[PDB]
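K.L.:
My questions all concern the structure below.
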2 protein chains.
Amino acid sequence: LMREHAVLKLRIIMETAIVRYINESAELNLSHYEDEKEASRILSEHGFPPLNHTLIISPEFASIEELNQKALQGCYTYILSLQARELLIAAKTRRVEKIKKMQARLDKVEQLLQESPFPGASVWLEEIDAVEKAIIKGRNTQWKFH
Amino acid sequence: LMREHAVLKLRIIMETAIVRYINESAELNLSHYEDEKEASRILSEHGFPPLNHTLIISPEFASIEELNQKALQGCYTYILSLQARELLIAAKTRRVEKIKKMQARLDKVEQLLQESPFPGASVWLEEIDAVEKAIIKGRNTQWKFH
């Protein structure tokens with residue numbers, strides 16, 4: 001639950017700059033610039049946060065100190081591998097609603113970190129019920145799971 | 001050689017739409033449109049060719065009839081799935097020189113399709129030479145290739 005909390009804050013931070021780059025790409029005129037150096041320089045001046053895109057998309061085995069220690073130490077690769085497919089308005093609606101779902105999930109996570117008698121006590125009851133119904137289904141199908 | 005000639009012509013056709021889209025997308029302003037159907041409509045209303053991008057860039061086991069039969073009958077995925085990294089000036093320069101290299105290679109392919117005695121007569125001499133020196137270098141190292 002603590003790892004999920006850190007990753008959700010960092011993903012909110014990532015996608016609520018993709019949204020403003022999509023909104024300001026016409027005023028920004030990215031085609032005018034020479035290479036990745038000048039583009040990263042002109043993106044650092046307009047208030048875009050440097051991020052580590054690989055650790056945010058795939059945090060494989062990173063502990064939480066590793067995850068908040070090398071996250072803000074990257075570049076603008078998150079914003080520069082955007083396809084022109086996703087500069088469209090339905091893509092904007094899709095990203096805004098998934099940001100809303102992520103922050104609702106973040107509120108749910110930080111509410112789950114407090115409950116009695118220890119944090120994460122309802123999720124484990126749900127998983128007990130899921131394991132029980134999978135065992136019952138397996139015992140009925142002669143462990144063939146038809 | 002017939003397969004290579006066909007794929008080179010089709011890839012010249014594919015990239016000499018992407019380069020002028022990079023030249024004209026600053027004022028085409030695809031960020032203004034709602035979804036990808038309106039975008040595909042307004043891209044087809046300015047003369048961009050519909051292409052099958054997943055078979056131009058990777059012809060695996062397609063014969064030349066089903067290469068020139070179903071590849072000009074695709075969509076605008078080649079042009080809508082461009083990253084914003086691609087819109088810089090150095091990437092334009094690299095695509096221009098890559099178009100030049102493919103044009104030179106297409107000229108070489110049509111030049112050595114017509115040679116005597118049969119098409120591809122010097123290429124097989126070169127492969128004779130490469131196999132012979134690889135056999136020598138394998139015999140010198142007790143077939144361990146140090």
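Quick note on naming: the chains in the structure tokens go A, B, ... in the order shown, residues restart at 1 in each chain, and ligands are numbered from 1 in order of appearance.
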Residues near residue B:65, anyone? I mean within 12 Å using only C-alpha atoms, not counting same-chain ones fewer than 3 positions away, as a PyMOL selection string.
P.N.:
chain B and resi 2-3+6-7+61-62+68-71
K.L.:
Skip residue A:112 itself and residues of its chain fewer than 6 positions away, then list as a list in words all residues within 12 Å of it, counting only C-alpha atoms.
P.N.:
residues 1, 2, 4, 5, 105, 106, 118, 119, 120, 121, 122, 123 and 124 of chain A
K.L.:
Go through stretch 67-129 of chain A residue by residue and, counting only C-alpha atoms, keep those with an atom at most 12 Å from stretch 37-55 of chain B; for each kept residue give the shortest atom pair and its distance in Å to one decimal, ordered by chain and increasing number, as CSV.
P.N.:
residue,atom,partner,partner_atom,distance
A:84,CA,B:39,CA,10.3
A:85,CA,B:39,CA,9.1
A:86,CA,B:39,CA,11.1
A:87,CA,B:39,CA,10.2
A:88,CA,B:39,CA,8.1
A:89,CA,B:39,CA,10.3
A:90,CA,B:37,CA,10.5
K.L.:
Keeping only N, CA, C and O atoms, write the selected residues as a PDB file, in the first residue's frame.
P.N.:
ATOM      1  N   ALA A  84       1.533  11.657 -32.463  1.00  0.00           N
ATOM      2  CA  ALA A  84       0.531  12.596 -32.948  1.00  0.00           C
ATOM      3  C   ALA A  84      -0.869  12.003 -32.949  1.00  0.00           C
ATOM      4  O   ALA A  84      -1.830  12.735 -33.196  1.00  0.00           O
ATOM      5  N   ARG A  85      -0.992  10.697 -32.704  1.00  0.00           N
ATOM      6  CA  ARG A  85      -2.291  10.067 -32.503  1.00  0.00           C
ATOM      7  C   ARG A  85      -3.006  10.644 -31.292  1.00  0.00           C
ATOM      8  O   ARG A  85      -4.233  10.802 -31.301  1.00  0.00           O
ATOM      9  N   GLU A  86      -2.257  10.998 -30.250  1.00  0.00           N
ATOM     10  CA  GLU A  86      -2.829  11.342 -28.959  1.00  0.00           C
ATOM     11  C   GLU A  86      -2.849  12.841 -28.692  1.00  0.00           C
ATOM     12  O   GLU A  86      -3.015  13.251 -27.541  1.00  0.00           O
ATOM     13  N   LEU A  87      -2.690  13.666 -29.728  1.00  0.00           N
ATOM     14  CA  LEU A  87      -2.926  15.101 -29.639  1.00  0.00           C
ATOM     15  C   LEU A  87      -4.352  15.474 -29.989  1.00  0.00           C
ATOM     16  O   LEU A  87      -4.631  16.646 -30.259  1.00  0.00           O
ATOM     17  N   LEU A  88      -5.257  14.508 -29.997  1.00  0.00           N
ATOM     18  CA  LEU A  88      -6.635  14.722 -30.398  1.00  0.00           C
ATOM     19  C   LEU A  88      -7.519  14.862 -29.164  1.00  0.00           C
ATOM     20  O   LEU A  88      -7.113  14.562 -28.042  1.00  0.00           O
ATOM     21  N   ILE A  89      -8.746  15.325 -29.386  1.00  0.00           N
ATOM     22  CA  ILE A  89      -9.568  15.801 -28.279  1.00  0.00           C
ATOM     23  C   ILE A  89     -10.169  14.643 -27.480  1.00  0.00           C
ATOM     24  O   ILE A  89     -10.298  14.733 -26.247  1.00  0.00           O
ATOM     25  N   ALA A  90     -10.508  13.536 -28.145  1.00  0.00           N
ATOM     26  CA  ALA A  90     -10.952  12.346 -27.428  1.00  0.00           C
ATOM     27  C   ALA A  90      -9.841  11.774 -26.552  1.00  0.00           C
ATOM     28  O   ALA A  90     -10.112  11.256 -25.461  1.00  0.00           O
TER      29      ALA A  90
END
K.L.:
Can you list every residue in chain A that DSSP puts in helix (DSSP H, G or I), as a PyMOL selection string?
P.N.:
chain A and resi 2-28+30-32+36-44+53-57+64-69+77-80+84-86+89-112+123-140
K.L.:
Nearest to chain A among B:114, B:142, B:25, B:73, with distances taken over only C-alpha atoms: which residue is it?
P.N.:
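Checking each of B:114, B:142, B:25, B:73 against chain A, counting only C-alpha atoms, the winner is B:25.
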